């Protein structure tokens, strides 16, 4: 996708990541494990939640169409009325469908960007103390226990 992370160079998702959309997985002597990154995830939750609310707010207004009765000699007025109703419906249906299709693309690309931004944040922090394996992982050049791992996650890793 646009930002190259999701279904990109980080080929698959993690079923083990249950708390949120984005996170970290580490591997050291003490073992392997993963956890969602709260900061990035909560920020994404607020934005999309906000987008949903605004879409609902902007599009829930109704339009009124009354099935008026017309006499034998009002065939033209009848066609004119039908033209109005048909276009009101077609235009709003078009707006509704496109808004959803287009925003769906942005939503998907934003999650992709959030993953990319998180990956680049860690790469920046690690500096030359690690090398990218090209799949979303950073092979550290020094032993790094859980406490060390935590500094990378909470962004206080020493030696940026």
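Positions refer to the first chain, counted from 1.
Would you tell me which stretch averages the higher CA B-factor in the PDB entry, 4 to 12 or 149 to 157? Comparing 4 to 12 with 149 to 157, the higher mean C-alpha B-factor belongs to 149 to 157.
Tell me which stretch, 30 to 38 or 93 to 101, has the higher mean Cα B-factor listed in the entry. According to the PDB entry, the answer is 30 to 38.
Checking the entry, which one of 106, 51, 68, 58 has the top C-alpha B factor? The C-alpha B-factor peaks, among 106, 51, 68, 58, at 58.
Split the chain's modelled residues into thirds by Cα B-factor; is residue 116 in the lowest, middle or highest one? As the PDB entry reports it, the C-alpha B-factor of residue 116 lands in the lowest third of its chain.
Can you tell me whether residue 86 has a C-alpha B-factor in the lowest, middle or highest third compared with the other modelled residues of the same chain? Tercile = lowest for this residue's CA B-factor.
Lowest, middle or highest third of the chain for the C-alpha temperature factor of residue 141? For residue 141, whose C-alpha B-factor we compare with every modelled residue in the chain, the answer is the highest third.
Entry-reported Cα temperature factor of residue 133, expressed as the chain third it lands in: Top third by C-alpha B-factor.
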